[PDB]
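Structure record follows, encoded as C-alpha cells.
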Amino acid sequence: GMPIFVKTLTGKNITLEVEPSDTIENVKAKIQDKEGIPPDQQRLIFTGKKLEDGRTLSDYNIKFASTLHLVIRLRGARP
C-alpha cells in the first residue's frame, strides 16, 4: 500500500491508503465515504489530467505521497 492525498479548495484534505493498481472508481468511492460527494460530482485531477473511471492510479503515475485535487461539480441530484 501507499499514501496519497486529496486536496480541496477549503483546505480540508483527505489521506487515503491505496494501491497503484486501484481504479479511479475505488478512489472516488473512498472520497464519497469521506466527503459525501457522489463520484459523478467529483472532478478529480492529477497534474492537470482529469482522472477517468476505468483507469488505475499507476496509469497516471500517481505514487507515494502524491496529491490529487478534488473539485466539486454538481450535476444531477444532490443527496
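Residues are named by chain letter and number: chains run A, B, ... in the order of the C-alpha cells, numbers start at 1 in each chain, and ligands are numbered from 1 in the order shown.
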Polymer residues at most 7 Å from region 19-23 of chain A, only C-alpha atoms, same-chain spacing of 5 or more positions, as a PyMOL selection string | chain A and resi 1-2+54-58
Can you tell me, as a ChimeraX atom specification, what residues are no more than 10 Å from region 62-67 of chain A when counting only C-alpha atoms, ignoring any on the same chain fewer than 2 positions away?
-> /A:1-7,13-20,45-47,56-60,69-70
Could those residues be written to a file, using N, CA and C atoms, as a PDB file, in the first residue's frame?
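The new file again-v3.pdb reads:
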```
ATOM      1  N   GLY A   1       0.832  -1.241   0.000  1.00  0.00           N
ATOM      2  CA  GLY A   1       0.000   0.000   0.000  1.00  0.00           C
ATOM      3  C   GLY A   1       0.842   1.257   0.000  1.00  0.00           C
ATOM      4  N   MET A   2       0.211   2.383  -0.341  1.00  0.00           N
ATOM      5  CA  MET A   2       0.857   3.681  -0.288  1.00  0.00           C
ATOM      6  C   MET A   2      -0.132   4.793   0.044  1.00  0.00           C
ATOM      7  N   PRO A   3       0.357   5.859   0.676  1.00  0.00           N
ATOM      8  CA  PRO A   3      -0.479   7.008   0.980  1.00  0.00           C
ATOM      9  C   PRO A   3      -0.578   7.951  -0.204  1.00  0.00           C
ATOM     10  N   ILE A   4      -1.783   8.451  -0.467  1.00  0.00           N
ATOM     11  CA  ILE A   4      -1.972   9.608  -1.336  1.00  0.00           C
ATOM     12  C   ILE A   4      -2.875  10.595  -0.627  1.00  0.00           C
ATOM     13  N   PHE A   5      -2.895  11.827  -1.126  1.00  0.00           N
ATOM     14  CA  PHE A   5      -3.697  12.890  -0.543  1.00  0.00           C
ATOM     15  C   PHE A   5      -4.687  13.417  -1.552  1.00  0.00           C
ATOM     16  N   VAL A   6      -5.836  13.857  -1.043  1.00  0.00           N
ATOM     17  CA  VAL A   6      -6.830  14.546  -1.854  1.00  0.00           C
ATOM     18  C   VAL A   6      -7.056  15.908  -1.244  1.00  0.00           C
ATOM     19  N   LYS A   7      -6.747  16.951  -2.009  1.00  0.00           N
ATOM     20  CA  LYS A   7      -6.821  18.335  -1.549  1.00  0.00           C
ATOM     21  C   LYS A   7      -8.043  19.003  -2.137  1.00  0.00           C
ATOM     22  N   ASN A  13      -8.428  18.439   3.750  1.00  0.00           N
ATOM     23  CA  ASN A  13      -7.862  17.441   2.847  1.00  0.00           C
ATOM     24  C   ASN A  13      -8.009  16.050   3.428  1.00  0.00           C
ATOM     25  N   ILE A  14      -7.842  15.058   2.564  1.00  0.00           N
ATOM     26  CA  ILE A  14      -8.043  13.646   2.876  1.00  0.00           C
ATOM     27  C   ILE A  14      -6.725  12.901   2.639  1.00  0.00           C
ATOM     28  N   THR A  15      -6.369  11.988   3.539  1.00  0.00           N
ATOM     29  CA  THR A  15      -5.339  10.991   3.281  1.00  0.00           C
ATOM     30  C   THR A  15      -5.989   9.629   3.027  1.00  0.00           C
ATOM     31  N   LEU A  16      -5.586   8.979   1.938  1.00  0.00           N
ATOM     32  CA  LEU A  16      -6.054   7.638   1.585  1.00  0.00           C
ATOM     33  C   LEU A  16      -4.906   6.663   1.571  1.00  0.00           C
ATOM     34  N   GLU A  17      -5.188   5.402   1.874  1.00  0.00           N
ATOM     35  CA  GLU A  17      -4.228   4.335   1.703  1.00  0.00           C
ATOM     36  C   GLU A  17      -4.682   3.512   0.525  1.00  0.00           C
ATOM     37  N   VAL A  18      -3.860   3.466  -0.516  1.00  0.00           N
ATOM     38  CA  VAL A  18      -4.252   2.892  -1.796  1.00  0.00           C
ATOM     39  C   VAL A  18      -3.182   1.964  -2.336  1.00  0.00           C
ATOM     40  N   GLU A  19      -3.508   1.285  -3.427  1.00  0.00           N
ATOM     41  CA  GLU A  19      -2.544   0.519  -4.202  1.00  0.00           C
ATOM     42  C   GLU A  19      -2.436   1.150  -5.590  1.00  0.00           C
ATOM     43  N   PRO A  20      -1.257   1.088  -6.228  1.00  0.00           N
ATOM     44  CA  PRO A  20      -1.148   1.614  -7.592  1.00  0.00           C
ATOM     45  C   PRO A  20      -2.137   1.001  -8.579  1.00  0.00           C
ATOM     46  N   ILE A  45      -8.370  15.517 -10.206  1.00  0.00           N
ATOM     47  CA  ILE A  45      -7.308  15.984 -11.105  1.00  0.00           C
ATOM     48  C   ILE A  45      -5.929  15.633 -10.539  1.00  0.00           C
ATOM     49  N   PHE A  46      -5.045  15.121 -11.391  1.00  0.00           N
ATOM     50  CA  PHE A  46      -3.645  14.934 -11.044  1.00  0.00           C
ATOM     51  C   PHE A  46      -2.815  15.591 -12.109  1.00  0.00           C
ATOM     52  N   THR A  47      -2.107  16.647 -11.716  1.00  0.00           N
ATOM     53  CA  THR A  47      -1.198  17.361 -12.577  1.00  0.00           C
ATOM     54  C   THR A  47      -1.868  17.766 -13.901  1.00  0.00           C
ATOM     55  N   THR A  56      -6.269   3.091 -13.706  1.00  0.00           N
ATOM     56  CA  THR A  56      -5.644   2.854 -12.414  1.00  0.00           C
ATOM     57  C   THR A  56      -4.782   4.053 -12.027  1.00  0.00           C
ATOM     58  N   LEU A  57      -4.455   4.119 -10.744  1.00  0.00           N
ATOM     59  CA  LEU A  57      -3.546   5.159 -10.264  1.00  0.00           C
ATOM     60  C   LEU A  57      -2.206   5.107 -11.005  1.00  0.00           C
ATOM     61  N   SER A  58      -1.689   3.892 -11.201  1.00  0.00           N
ATOM     62  CA  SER A  58      -0.472   3.644 -11.967  1.00  0.00           C
ATOM     63  C   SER A  58      -0.505   4.249 -13.363  1.00  0.00           C
ATOM     64  N   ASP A  59      -1.645   4.162 -14.032  1.00  0.00           N
ATOM     65  CA  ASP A  59      -1.805   4.770 -15.375  1.00  0.00           C
ATOM     66  C   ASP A  59      -1.487   6.258 -15.420  1.00  0.00           C
ATOM     67  N   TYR A  60      -1.730   6.958 -14.306  1.00  0.00           N
ATOM     68  CA  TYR A  60      -1.455   8.382 -14.199  1.00  0.00           C
ATOM     69  C   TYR A  60      -0.143   8.718 -13.478  1.00  0.00           C
ATOM     70  N   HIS A  69      -6.205  16.558  -6.675  1.00  0.00           N
ATOM     71  CA  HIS A  69      -7.011  17.730  -6.376  1.00  0.00           C
ATOM     72  C   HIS A  69      -8.459  17.428  -6.713  1.00  0.00           C
ATOM     73  N   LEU A  70      -9.339  17.710  -5.766  1.00  0.00           N
ATOM     74  CA  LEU A  70     -10.765  17.460  -5.926  1.00  0.00           C
ATOM     75  C   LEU A  70     -11.491  18.764  -6.089  1.00  0.00           C
TER      76      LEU A  70
END
```
Residues of chain A in strand (DSSP E or B) according to DSSP, as a VMD selection string?
-> chain A and resid 2 to 7 14 to 18 23 42 to 46 49 to 50 56 67 to 72
Could you write those residues out with C-alpha atoms, as a short mmCIF file (atom, residue, chain, number, x, y, z; two decimals), in the first residue's frame?
```cif
data_model
loop_
_atom_site.label_atom_id
_atom_site.label_comp_id
_atom_site.auth_asym_id
_atom_site.auth_seq_id
_atom_site.Cartn_x
_atom_site.Cartn_y
_atom_site.Cartn_z
CA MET A 2 0.86 3.68 -0.29
CA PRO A 3 -0.48 7.01 0.98
CA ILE A 4 -1.97 9.61 -1.34
CA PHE A 5 -3.70 12.89 -0.54
CA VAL A 6 -6.83 14.55 -1.85
CA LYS A 7 -6.82 18.33 -1.55
CA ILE A 14 -8.04 13.65 2.88
CA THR A 15 -5.34 10.99 3.28
CA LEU A 16 -6.05 7.64 1.58
CA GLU A 17 -4.23 4.34 1.70
CA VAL A 18 -4.25 2.89 -1.80
CA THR A 23 -9.02 2.19 -10.08
CA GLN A 42 -16.19 14.63 -8.23
CA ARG A 43 -13.75 16.17 -10.71
CA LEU A 44 -10.52 14.55 -9.63
CA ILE A 45 -7.31 15.98 -11.11
CA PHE A 46 -3.65 14.93 -11.04
CA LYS A 49 -5.23 15.50 -16.00
CA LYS A 50 -8.87 14.66 -15.28
CA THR A 56 -5.64 2.85 -12.41
CA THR A 67 -1.53 14.80 -4.14
CA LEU A 68 -4.73 14.69 -6.15
CA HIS A 69 -7.01 17.73 -6.38
CA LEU A 70 -10.77 17.46 -5.93
CA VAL A 71 -13.11 19.98 -7.46
CA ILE A 72 -16.87 19.50 -6.90
#
```
A:9, A:41, A:61, A:53 ranked by distance to residue 27 (chain A), top pick (using only C-alpha atoms) | A:53
Hey, what does DSSP flag as alpha helix (DSSP H) within region 7-47 of chain A? Can you give it to me as a ChimeraX atom specification?
-> /A:24-35
As a check of understanding: the span from CA of residue 32 (chain A) to CA of residue 51 (chain A) is 15.4 Å
Counting only C-alpha atoms, figure out which residue out of A:52, A:38, A:26, A:10 gets nearest to residue 76 (chain A).
-> A:38
